[PDB]
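All remarks here apply to the structure that follows.
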Amino acid sequence: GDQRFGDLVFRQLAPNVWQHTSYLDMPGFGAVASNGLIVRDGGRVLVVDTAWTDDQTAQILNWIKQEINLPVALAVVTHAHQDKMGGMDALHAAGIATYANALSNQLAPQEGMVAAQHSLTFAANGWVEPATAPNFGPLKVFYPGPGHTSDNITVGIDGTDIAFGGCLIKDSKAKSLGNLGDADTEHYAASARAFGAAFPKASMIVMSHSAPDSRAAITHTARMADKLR
Ligand SMILES: S=c1[nH]nc(-c2cccnc2)n1C[C@@H]1CCCO1
Ligand SMILES: [Ca+2]
Ligand SMILES: [Ca+2]
Ligand SMILES: [Zn+2]
Ligand SMILES: [Zn+2]
């Protein structure tokens with residue numbers, strides 16, 4: 001049921017939701033998948049995360065034009081690392097309004113990423129301040145606290161069973177929390193737990209580097225993170 005367009009793979013998760021997957025061949029690891037989301041919101045499309053590269057990101061947009069044929073209104077990118085923000089220039093060239101955590105945009109230059117056009121800010125309880133996320137339709141943006149990076153954010157899709165943990169959440173059989181080069185090992189477990197509590201009825205948990213899982217991914221990630229303190 002999965003579809004290939006250029007270097008990208010797409011999988012439909014729900015009537016109005018698809019996962020996009022892009023690959024980069026890394027020293028040491030070889031080919032590494034990274035996943036984001038595409039959401040049809042009535043007459044428009046919303047994107048979560050770029051692909052690794054601008055070329056791959058343009059392939060997402062072309063697949064959307066071909067298969068969905070609705071304007072892409074905006075994209076939310078989930079932290080300032082290549083897998084999630086590598087394709088910003090491609091979104092900007094296509095005229096898609098981009099949104100990231102303020103902190104992602106502040107870190108972006110140091111991390112070699114291009115900042116988004118707009119900054120999301122968050123309350124103490126993690127929820128986006130709504131004036132910063134105008135007309136986000138079903139996307140509910142949550143900052144769960146520092147974990148994979150200090151700026152990692154997460155998104156739930158209202159009206160669906162789906163929530164996206166990005167690179168904070170690992171699958172429920174994972175052996176480790178993977179890339180911890182920029183991680184907050186002290187607060188990781190609470191941040192994983194906070195994402196779970198923010199989206200308490202999501203049953204399909206989508207994440208950057210494994211296929212969609214159940215809520216078990218959340219509790220497994222938190223259990224692994226507990227051992228880093
Ligand atoms: S996660 C996360 N954050 N940054 C990156 C990344 C890594 C290497 C180069 N550019 C970005 N990754 C993904 C990989 C996945 C497993 C190893 O790290
Ligand atoms: Ca670029
Ligand atoms: Ca870094
Ligand atoms: Zn990262
Ligand atoms: Zn990642």
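For the single chain, residues carry numbers from 1 onward in sequence order.
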Q) With sequence neighbours left out, what residues match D49 under salt bridge (charged side-chain N to carboxylate O under 4.0 Å, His left out)? A) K84

Q. Residues in salt bridge (charged side-chain N to carboxylate O under 4.0 Å, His left out) with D41, at least two apart?
A. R44

Q: Name all pairs fulfilling the ring-ring contact (aromatic ring centres under 6.0 Å, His included) condition that reach into residues 203-229, sequence neighbours left out, sorted by first residue then second.
A: none

Q: Report the residues that fulfil side-chain contact (heavy atoms from CB on, under 4.5 Å) with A93, sequence neighbours left out, ordered by chain and then residue number.
A: none

Q. Which pairs, with at least one residue in residues 158-193 and sequence neighbours excluded, count as a ring-ring contact (aromatic ring centres under 6.0 Å, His included)?
A. none

Q. How would you list, by chain and number, every residue that makes a side-chain hydrogen bond (donor to acceptor under 3.5 Å, both in side chains) with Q82, sequence neighbours excluded?
A. none

Q. Could you give all pairs that pass the side-chain hydrogen bond (donor to acceptor under 3.5 Å, both in side chains) test and reach residues 116-130, with sequence neighbours left out?
A. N105-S119

Q: Applying side-chain hydrogen bond (donor to acceptor under 3.5 Å, both in side chains), name anything that partners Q106, two or more places apart in sequence or on another chain.
A: none

Q | Residues which pass side-chain hydrogen bond (donor to acceptor under 3.5 Å, both in side chains) with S172, listed by chain and number, not counting sequence neighbours | A | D213

Would you be so kind as to tabulate the donor-acceptor pairs closer than 3.5 Å made by side chains of residues 221-229, with sequence neighbours excluded?
unit_1, atom_1, unit_2, atom_2, d
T221, OG1, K170, N, 2.9
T221, OG1, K170, O, 3.0
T221, OG1, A217, O, 2.8
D226, OD1, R193, NH1, 3.1
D226, OD2, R193, NH2, 2.9
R229, NH1, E186, O, 2.8

Q: Go through the structure and list residues passing salt bridge (charged side-chain N to carboxylate O under 4.0 Å, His left out) with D25, not counting sequence neighbours.
A: none

(Q) Applying side-chain hydrogen bond (donor to acceptor under 3.5 Å, both in side chains), can you list everything that pairs with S150, at least two apart in sequence or on another chain? (A) none

